[PDB]
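Worksheet: one structure, shown below.
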Amino acid sequence: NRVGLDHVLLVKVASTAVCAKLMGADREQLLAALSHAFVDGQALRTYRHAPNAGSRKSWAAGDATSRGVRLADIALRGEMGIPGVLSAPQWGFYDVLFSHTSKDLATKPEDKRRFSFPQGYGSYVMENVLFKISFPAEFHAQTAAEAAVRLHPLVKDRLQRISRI
Amino acid sequence: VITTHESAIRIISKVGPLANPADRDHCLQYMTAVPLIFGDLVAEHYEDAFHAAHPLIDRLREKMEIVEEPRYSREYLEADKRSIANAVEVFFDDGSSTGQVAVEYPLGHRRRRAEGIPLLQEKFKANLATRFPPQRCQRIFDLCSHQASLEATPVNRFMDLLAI
């Protein structure tokens, strides 16, 4: 978001790795595939923002997971990787794509021109995922809307008699 | 002096001009003169361009005496040997000579299986590499390398590896 890139590159990277795995990849092929996911073009997020918003916001992910399969296939065919794809000065992902802020074109401190992590990889995310099984509402408003359904019969009659919420 | 066997004399002993590579390909004197001069013999040497470039090939071809060894011709035929024998000797204007270097069995013969197999495998590896990228070349060579593994491979799966 903050560097002007859509988050579907994470779909592209996650699907490249998992699909290469299903297809039998070894370590060298999987690193090659991952590096191609990162050197690849990363779509802007223009289509999620007024006044240019549109139905590509609904299919960008499908197009990213599709591209993951194609890159895994290219790795399984024997394509060589790009090992410094993130860190290569001037030409790498960090310098070219992760080093500036798009709201004001500022250059990040050198210390933040790289991916940071608060934990390794395990099974944490699936355990903690959010399902939309309730009200058609933005997630930050779900608990407020469910509080108001309980409070509704208590303020049902006194609707006109409300002064402050 | 090239001491050889009866079949070579009959099939690839040619004096005089050689028109195309097929002539040179089937001319014992050519295939003896070129290695005598350049320590080697590859397909490039059967080129009219290379031929003309060095007139020493024909100077030596004209100095080449072909002689049949009765033994060589007999052992060419005997089922305990199947020799394919050629002895070469080089003489100098001052009367001196090399020895006679006799090689009775070519590298691809059963009697030299030990030394030939390294060369057969390198030749397979080169030819694979004109058609498949390196990792596929490695899978193919590795599978063909292990007798027991290759033997247990289904034919359809072997042919899978060789497609495109």
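Read the figures in this text as sums done on the coordinates, not as results from a lab. As a convention, Cβ positions derive from the backbone with ideal geometry for all residues, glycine included, and neighbour counts pool all protein chains shown.
Here are the numbers:
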{"quantity": "Residues that are in contact with a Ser or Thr (Cβ under 6 Å, 6 or more places away or on another chain) and of a type in the set (D, E, K, R), drawn from the stretch B:90-114", "calculated": "B:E104"}
{"quantity": "Which listed residue is over 20 Å from the mean Cα position of the chain (by Cα), exposed (fewer than 10 other Cβ atoms within 10 Å of the Cβ) and among the hydrophobic types (A, V, I, L, M, F, W, C), from A:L76, A:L105", "calculated": "A:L105"}
{"quantity": "Filter result for the condition that a residue is on the phi < 0 side of the Ramachandran plot, over 18 Å from the mean Cα position of the chain (by Cα) and aliphatic (A, V, I, L, M), over A:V125, A:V129, A:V85", "calculated": "A:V85"}
{"quantity": "Top-ranked residue of the stretch B:105-141 - restricted to ones that are polar (S, T, N, Q) and away from every other protein chain (no Cβ under 14 Å), ranked as farthest from the chain's Cα centre (by Cα)", "calculated": "B:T130"}
{"quantity": "Qualifying positions in the stretch A:94-103 - touching a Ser or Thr at 6+ places or on another chain (Cβ under 9 Å), in a loop (DSSP other than H, G, I, E, B) and among the charged types (D, E, K, R)", "calculated": "none"}
{"quantity": "Extreme residue, nearest to A:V85 (Cα to Cα), among residues of the stretch A:109-124 that are touching a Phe, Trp or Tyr at 6+ places or on another chain (Cβ under 8 Å) and surrounded by 10 or more Cβ atoms within 10 Å (Cβ to Cβ)", "calculated": "A:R114"}
{"quantity": "Complete set of residues in the stretch A:125-143 that are exposed (fewer than 10 other Cβ atoms within 10 Å of the Cβ) and either outside any loop (DSSP other than H, G, I, E, B) or in contact (Cβ under 8 Å) with a residue 40 or more places away in the chain (or both)", "calculated": "A:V125, A:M126, A:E127, A:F139, A:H140"}
{"quantity": "Positions within the stretch B:125-141 being of a type in the set (A, V, I, L, M, F, W, C), out of contact with any helix residue (DSSP H, G or I) (no Cβ under 6 Å at 6 or more places or on another chain) and exposed (fewer than 14 other Cβ atoms within 10 Å of the Cβ), in sequence order", "calculated": "B:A126"}
{"quantity": "Qualifying residue in the stretch B:13-23 (condition: closer than 21 Å to B:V103 by Cα and assigned to a helix (DSSP H, G or I))", "calculated": "no"}
{"quantity": "Search result, residues across the stretch A:57-87 that are within 14 Å of another protein chain (Cβ to nearest Cβ), part of a helix (DSSP H, G or I) and among the aliphatic types (A, V, I, L, M)", "calculated": "A:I74, A:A75, A:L76"}
{"quantity": "Residues located in the stretch A:19-43, provided they are surrounded by 15 or more Cβ atoms within 10 Å (Cβ to Cβ) and within 16 Å of the chain's Cα centre (by Cα)", "calculated": "A:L34, A:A37, A:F38, A:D40, A:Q42, A:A43"}
{"quantity": "Single residue of the stretch B:142-157 satisfying the filter (farther than 30 Å from A:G81 by Cα and surrounded by 11 or more Cβ atoms within 10 Å (Cβ to Cβ)) that is farthest from the other protein chains (Cβ to nearest Cβ)", "calculated": "B:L150"}
{"quantity": "Search result, residues across the stretch B:47-81 that are touching a residue at least 60 places away in the same chain (Cβ under 8 Å), surrounded by 12 or more Cβ atoms within 10 Å (Cβ to Cβ) and within 18 Å of B:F92 (Cα to Cα)", "calculated": "B:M64, B:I66"}
{"quantity": "Failed criterion for A:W91 (all others in (1) part of a loop (DSSP other than H, G, I, E, B); (2) touching a residue at least 40 places away in the same chain (Cβ under 8 Å); (3) more than 14 Å from every other protein chain (Cβ to nearest Cβ) hold)", "calculated": "(2)"}
